[PDB]
Amino acid sequence: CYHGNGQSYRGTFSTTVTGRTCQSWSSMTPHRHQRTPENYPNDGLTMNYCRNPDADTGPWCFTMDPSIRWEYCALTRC
Ligand SMILES: NC[C@H]1CC[C@H](C(=O)NS(=O)(=O)c2ccccc2)CC1
């Protein structure tokens, strides 16, 4: 689980609500993005782990499915 809106989550879960695999935050493939550890160095944007850099309502990630840009992660609110 994550606390509040999930901004402080730093666990190692990396799978979405539909069972897709999170793209790595430093990767531009399949989805080109601007939410990189480059730009957000203090948000825990390590590997492909579920995170919340933009103050969303839960941890999320861009997905490895080329047709689905981003999803919330299959974690529950503590
Ligand atoms: N938690 C919700 C999602 C909303 C889409 C968002 C995105 O795609 N942002 S971005 O790569 O900086 C970006 C922003 C504007 C134009 C191109 C790319 C990722 C986070």
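Start at 1 with the first residue, then count along the sequence. Note that these values count all heavy atoms, side chains included, but never hydrogens, waters or copies made by symmetry.
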[atom2] on [Y] to [atom1] on [X], rounded to 0.5 Å:
| X | Y | atom1 | atom2 | answer |
| --- | --- | --- | --- | --- |
| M64 | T21 | CE | OG1 | 7.5 Å |
| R51 | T46 | CZ | OG1 | 6.0 Å |
| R35 | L45 | CZ | CG | 10.0 Å |

Original post:
Would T18 and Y72 count as a side chain to side chain contact (heavy atoms under 4.5 Å, CB included) if you check the C-alpha gap in whole Å, the side-chain angles of each, and the deciding distance to 0.1 Å?
Top reply: CA-CA 9 Å; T18 55; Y72 291 103; over 6 Å; no
Just by distance, no angles: are the side chains of [X] and [Y] close enough, under 3.5 Å, to form a donor-acceptor pair?
| X | Y | answer |
| --- | --- | --- |
| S26 | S24 | no |
| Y2 | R77 | no |
| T63 | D65 | no |
| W60 | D54 | yes |

Original post:
For the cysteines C73 and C22, is the SG separation below 2.5 Å?
Top reply: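 Cystine link not detected, SG atoms outside the 2.5 Å cut.
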Subject >> Working for disulfide bond (SG atoms under 2.5 Å apart), residues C50 and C61 >> reply: CA-CA 6 Å; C50 295; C61 62; 4.8 Å; no
Original post:
Would one find more than 12 heavy atoms of other residues, nucleotides or ligands at under 6.0 Å from atom CE of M28?
Top reply: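 Yes.
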Nearest non-hydrogen partners of [X] and [Y], listed with the distance:
| X | Y | result |
| --- | --- | --- |
| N48 | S14 | O-CB, 3.2 Å |
| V17 | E71 | CG1-OE2, 4.2 Å |
| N52 | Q7 | O-NE2, 2.8 Å |

Looking at [X] and [Y], would you say the former's side chain and the latter's main chain have a donor-acceptor pair under 3.5 Å?
| X | Y | answer |
| --- | --- | --- |
| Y40 | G44 | no |
| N5 | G58 | no |
| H33 | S27 | yes |

**OP:** Determine the interplanar angle of the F62 and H31 rings, folded into 0 to 90°, and report it as parallel if under 30°, tilted if 30 to 60°, perpendicular if over 60°.
**Re:**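 It falls in the tilted class, 30° to 60°.
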